[PDB]
Every structure is written in structure tokens, then in C-alpha cells.
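Listed below, chain by chain, are the residues.
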Amino acid sequence: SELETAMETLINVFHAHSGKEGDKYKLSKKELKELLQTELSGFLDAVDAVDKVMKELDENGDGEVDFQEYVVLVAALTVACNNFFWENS
Amino acid sequence: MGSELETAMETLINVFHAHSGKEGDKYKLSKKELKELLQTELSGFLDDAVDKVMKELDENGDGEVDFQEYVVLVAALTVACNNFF
Ligand SMILES: [Ca+2]
Ligand SMILES: [Ca+2]
Ligand SMILES: [Ca+2]
Ligand SMILES: [Ca+2]
């Protein structure tokens, strides 16, 4: 089903950039940045914003973003994108 | 032209709107609409389990699931899908 394919895409995208350096299930900054710039063009602004973004997602604090912390991100970006396209104008 | 990640996110939002706009508030899932979503979008869903899924997701207690509460479901399911692999 469409929903199931979508969650499959979220998993596959994560590992497509998570499996490039070191632990193939955790995103280091080079992999997080790679995911952000390639999958979310324009999400970064403002002096290095990439540091801020792992600082917020790295919940346990090991310097890498795993799947659950990455899902915390996808969720917030999904709800904001929804409010932007689905308002009782 | 969105990215693969972006396309997938759109699908989630679209799926929710696909069942949310059937009756009542076009931006909230009623009990009947929630049943419809589970049965069509989750190939494994067995079944009153919908009541459980309602009381579990209805954080604010209005009797309907809005988007912010439906993402709680999608997120929990996504990590659960990832565990299964
Ligand atoms: Ca890695
Ligand atoms: Ca972490
Ligand atoms: Ca509705
Ligand atoms: Ca609610």
C-alpha cells in the first residue's frame, strides 16, 4: 500500500546515506549533511548550521543520528509541510 | 520535482487527507474514517481494535485524530517496520 511504500522509502533513504562511513546504521555529520543537502534541498540556512542540527537530534548524545532520532525529524517536517498545504483558507 | 524523501513525506500527508476528508471535519479522522485508513493502508491490521487505536492516539480527547496525532502513529510504525528487517 502507498503508506507502506512510503515508510519503506524513509528506511531506505536513511541507510543510503548512513552506510557510507563507519557504523552503517548511524549518520555521522558527513552523512547527515549529505542526506540533508540531497534529500531536503534548502533546509539549511543562517557559521555552520549542520552542527546545530545534530545537536538537536542526537538525543543520547553520541555524535551520530540513528533511525529513531531521524524519524523525530521526518515527523516534524511532515507536520509543517501539512499545515502549509492544508489550511481552511 | 521533490526528492525521494520528500515524495514519501507527501504520500503520508496525502494518505491522511484521503481518509480525513470523507465526513465531518475534513482535517480530522473520525472513528469510521480511522477504521477505513487502517484496513486499506496497513496490510497486516487485524480486528474492537480500532477503539484502542482511537483512545491511544486521541491525545487531546476530542474523539477524532488530527494530523499531529496521526503522525504519532506513522512514526511509531516506521521504527517498528525498521525493527522487523
Ligand atoms: Ca555511517
Ligand atoms: Ca544519537
Ligand atoms: Ca473527517
Ligand atoms: Ca484528537
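*Asks:* Which parts of the structure should I look at to understand empty space enclosed by the protein?
*Replies:* Over the atoms, a rolling probe the size of a water molecule traces out where space has been left empty. Computed from the structure, the largest cavity encloses a volume of approximately 90 Å³. In terms of lining, the largest cavity is formed by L10, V71, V74, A75 and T78 of chain A together with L12, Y70, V71, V74, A75 and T78 of chain B. Elements represented by at least two residues in the lining of the largest cavity include exactly α4 (67-85) of chain A together with α4 (67-84) of chain B. Top contributing element to the lining of the largest cavity by residue count: α4 of chain B, with 5 residues. Partitioned by chemical class, the residues of the lining of the largest cavity number 9 nonpolar, 2 polar and no charged.

*Asks:* How should I be thinking about the packing of helix α1 (residues 2-18) of chain A against α4 of chain A in this particular structure?
*Replies:* A packed helix pair is summarised by two numbers, namely the angle formed by the two axes and the spacing between the axes. Residues and elements named next belong to chain A. The geometry of α1 relative to α4 is characterised by a closest axis approach of 11 Å and an angle of 120° between their N-to-C directions. Put simply, α1 runs oblique to α4. The handedness of the crossing between α1 and α4 comes out as right-handed. Taking contact as the criterion, the partners of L10, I11, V13 and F14 in α1 are, on α4, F67, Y70 and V74. When the residues that make up the contact of α1 with α4 are grouped by side-chain class, the tally is 7 nonpolar, no polar and no charged.

*Asks:* Could you clarify how one ought to interpret the side chain of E69 of chain A in this entry?
*Replies:* Residues and elements named next belong to chain A. Position of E69 relative to the elements: it lies in helix α4. Comment: no salt bridge for buried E69; closest opposite-charge side chain is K26, at 7.0 Å. Contacts of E69, omitting those with residues within four sequence positions, involve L57, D58, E59, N60 and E64.

*Asks:* Just to check I follow, could you spell out the coordination of the calcium ion (ligand 3) for this structure?
*Replies:* For a metal bound by four donors in tetrahedral geometry, the ideal donor-metal-donor angle is 109.5 degrees, whereas six donors in octahedral geometry ideally sit at 90 or 180 degrees. All names here are of chain B. Bound to the calcium ion (ligand 3) are the protein donor atoms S20 (O), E23 (O), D25 (O), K28 (O), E33 (OE) and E33 (OE), situated 2.3 to 2.6 Å from the metal. Here the calcium ion (ligand 3) is ringed by 6 donor atoms whose angles at the metal span 52 to 155°, and the overall shape comes out irregular. Mapped onto the polypeptide sequence, the residues donating to the calcium ion (ligand 3) form the spacing pattern S-x2-E-x1-D-x2-K-x4-E. Taking the relative accessible area as the measure of exposure, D25 reaches 32% and is therefore partly exposed.

*Asks:* Would you explain the coordination of the calcium ion (ligand 1) in this entry?
*Replies:* Residue and element names in this part refer to chain A. For the calcium ion (ligand 1), every protein donor is listed as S18 (O), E21 (O), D23 (O), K26 (O), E31 (OE) and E31 (OE), and the spread of their distances is 2.3 to 2.8 Å. Coordination at the calcium ion (ligand 1) comes from 6 donor atoms whose angles at the metal span 48 to 154°, giving a geometry best classed as irregular. Read in sequence order, the donor residues for the calcium ion (ligand 1) give the motif S-x2-E-x1-D-x2-K-x4-E. Here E21 is found in the loop between α1 and α2 (29-39), whereas its partner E31 is found in helix α2, with 10 residues between them in sequence. Judged by its relative accessible area of 33%, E21 is partly exposed.

Conventions and cut-offs
Numbers on residues come from counting from 1 along each chain's written sequence, not from the entry itself, and any residue without coordinates is not displayed. Each chain gets a letter, beginning with A, and each ligand a number, beginning with 1, in the order they are written. The basis for the side-chain values is all heavy atoms of the structure; hydrogens and waters are excluded. Only protein atoms enter the 1 Å grid used here. Points where a 1.4 Å probe fits but cannot escape make up a cavity, open sets with protein on both sides within 12 Å along at least five of seven lines make up a pocket, and a residue lines them when an atom lies within 4 Å of a point. Grid points are joined across faces, edges and corners, and a volume is the space filled by probe spheres set on the points. For the purposes of this entry, the term helix denotes a DSSP run of H or I that reaches at least four residues, the term strand denotes a run of E that reaches at least two, and both are numbered from the N terminus. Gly falls in the polar group here, along with every residue not listed as nonpolar (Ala, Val, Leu, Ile, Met, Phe, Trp, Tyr, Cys, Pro) or charged (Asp, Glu, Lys, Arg). Axis lines are fitted to C-alpha atoms, over the contacting stretch for helices. Their N-to-C directions set the angle, which ranges from 0 to 180 degrees. With respect to orientation, any angle under 35 degrees is reported as roughly parallel, any angle over 145 as roughly antiparallel, any angle of 65 to 115 as roughly perpendicular, and every other angle as oblique. By convention, the crossing between two helices is left-handed when the near helix turns anticlockwise from the far helix through less than a right angle, and right-handed when the turn is clockwise. Two residues qualify as a contact provided that any one of their heavy atoms is within 4.5 Å of a heavy atom in the partner residue. A 1.4 Å probe rolled over the protein chains alone gives each residue an accessible area, and that area as a share of the maximum for its type sets the label: buried under 20%, exposed over 50%, partly exposed in between. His is not counted, nor are the chain ends; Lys and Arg add positive charge and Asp and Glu add negative charge. By salt bridge we mean one thing: a side-chain nitrogen of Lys or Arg within 4 Å of a carboxyl oxygen of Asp or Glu. Only N, O and S atoms count as donors, using a 2.8 Å cut-off from the metal and 3.2 Å for Na, K and Ca, and because water is excluded some sites may appear unfinished. Geometry is assigned from donor-metal-donor angles: four donors are tetrahedral when every angle falls between 85 and 135 degrees, four are square planar and six octahedral when opposite donors sit over 155 degrees apart with all other angles between 65 and 115, and any other arrangement is irregular.

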